[PDB]
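# Working through the structure, step by step
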Amino acid sequence: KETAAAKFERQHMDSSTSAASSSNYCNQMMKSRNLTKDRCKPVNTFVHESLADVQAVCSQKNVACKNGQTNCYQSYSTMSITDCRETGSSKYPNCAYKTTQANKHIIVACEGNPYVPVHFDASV
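Residues numbered from 1 in each chain as written, not as in the entry; some residues may be left out. Heavy atoms only, no water.

In space, the four strands of this open sheet follow the order 2-3-6-7, with antiparallel pairing throughout. Looking at strand neighbours, the two that pair on one side only are strand 2 (61-63) and strand 7 (116-123), the edges of this open sheet. Averaged over all adjacent pairs, the angle separating strand axes in this sheet is 35°, with direction ignored. Strand direction decides the pairing type here: strand 3 (residues 72-74) and strand 6 (residues 106-111), joined by three bridges, are antiparallel. Looking across to strand 6, one finds that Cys 72 is bridged to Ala 109. (Pairing = 2+ DSSP bridges. Helix = DSSP H or I, 4+ residues; strand = E, 2+ residues; numbered from the N terminus. Axes fitted to C-alpha atoms, helices over the stretch in contact; angles between N-to-C directions.)

This part is about the nonpolar core. Most often, soluble globular proteins keep nonpolar side chains buried together rather than apart. In this structure, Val 54, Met 79, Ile 106 and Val 108 are the most contacted members of the largest nonpolar core, which totals 14 residues. Those elements that provide at least two residues to this core are strand 4 (79-86) and strand 6. Counting residues per element, this core draws most heavily on strand 6, which supplies three residues. Beyond its immediate sequence surroundings of up to four residues, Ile 106 is in contact with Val 54, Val 57, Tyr 73, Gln 74, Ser 75, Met 79, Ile 81, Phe 120, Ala 122 and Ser 123. (Core = buried A, V, L, I, M, F, W, Y, C linked by side-chain atoms within 4.5 Å. Buried < 20%, exposed > 50% of the residue type's maximum accessible area, 1.4 Å probe, protein only. Contact = heavy atoms within 4.5 Å.)

With that settled, consider unusual backbone geometry. In this structure, the amide linkage connecting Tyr 92 to the following residue, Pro 93, adopts the cis form with an omega of 5°. Of note, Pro 93 is situated in the loop between strand 4 and strand 5 (97-104). Here the residue pair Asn 113 and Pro 114 is connected by a cis peptide bond, since its omega of 0° sits within 30 degrees of zero. Checked against the element boundaries, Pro 114 lands in the loop between strand 6 and strand 7. Its identity is not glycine, yet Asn 34 carries a phi of approximately 65°, on the positive side.

Okay, the environment of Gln 74 next. Topologically, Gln 74 is positioned in strand 3. Sequence separation of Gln 74 and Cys 58 is 16 residues, and the distance between their C-alpha atoms is 8.1 Å. In this view, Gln 74 contacts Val 57, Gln 60, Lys 61, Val 63, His 105, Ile 106, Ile 107 and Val 124; residues no more than four positions away in its chain are not counted.

Attention shifts here to the UniProt feature "disulfide bond" in the chain. Sulfur atoms of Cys 26 and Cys 84 sit 2.0 Å from each other, so the disulfide annotated by UniProt is realized in this structure. Of the two residues, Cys 26 sits in helix 2 (residues 25-32) while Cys 84 sits in strand 4, which places them 58 residues apart along the sequence. Overall, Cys 84 belongs to the buried group, its relative accessible area being 0%. (Disulfide = S-S within 2.5 Å. UniProt positions renumbered as here; feature names shortened; annotations may be inferred.)

In the numbering used here, UniProt assigns the "binding site: substrate" feature to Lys 7, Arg 10, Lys 41, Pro 42, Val 43, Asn 44, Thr 45, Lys 66 and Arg 85. Structurally, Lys 41 can be placed in the loop between helix 2 and strand 1 (43-47). Beyond its immediate chain neighbours, meaning those up to four positions away, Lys 41 contacts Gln 11, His 12, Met 30, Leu 35, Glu 86 and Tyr 97. Along the polypeptide, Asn 44 turns up in strand 1. Setting aside residues up to four positions removed in sequence, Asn 44 forms contacts with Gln 11, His 12, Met 30, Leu 35, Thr 82, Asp 83 and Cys 84. Here the side chain of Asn 44 touches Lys 41 through a polar contact of 2.8 Å, side chain to side chain. (Polar contact = N/O pair within 3.5 Å; in protein donor to acceptor, adjacent residues only side chain to side chain.)

Structure below.
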């Protein structure tokens, strides 16, 4: 019922803040966005740029995705992003995350009409 584009927004967009300011950002946000409902999602990146800037990546540098498809794009510039990764102790339903704020290029897979991000592949 969620489109792929809408699910990308829910999982990855956080324009409301310019950077993670606390080490408990990931714990908060993974919970807020319902990424810990059934399982602790193991890895997830939040992007702190406008939706327009993130959609624009679908017109930038074409690269291969980790899976070998060729519909991925790398941002020409770096973006403010927060990297969330589940700690080794974390056990559902007590999900726990390490937060890393960074300025990196993003790589997204793009699909559809309009041609928009539907998968976060990596940061660089």
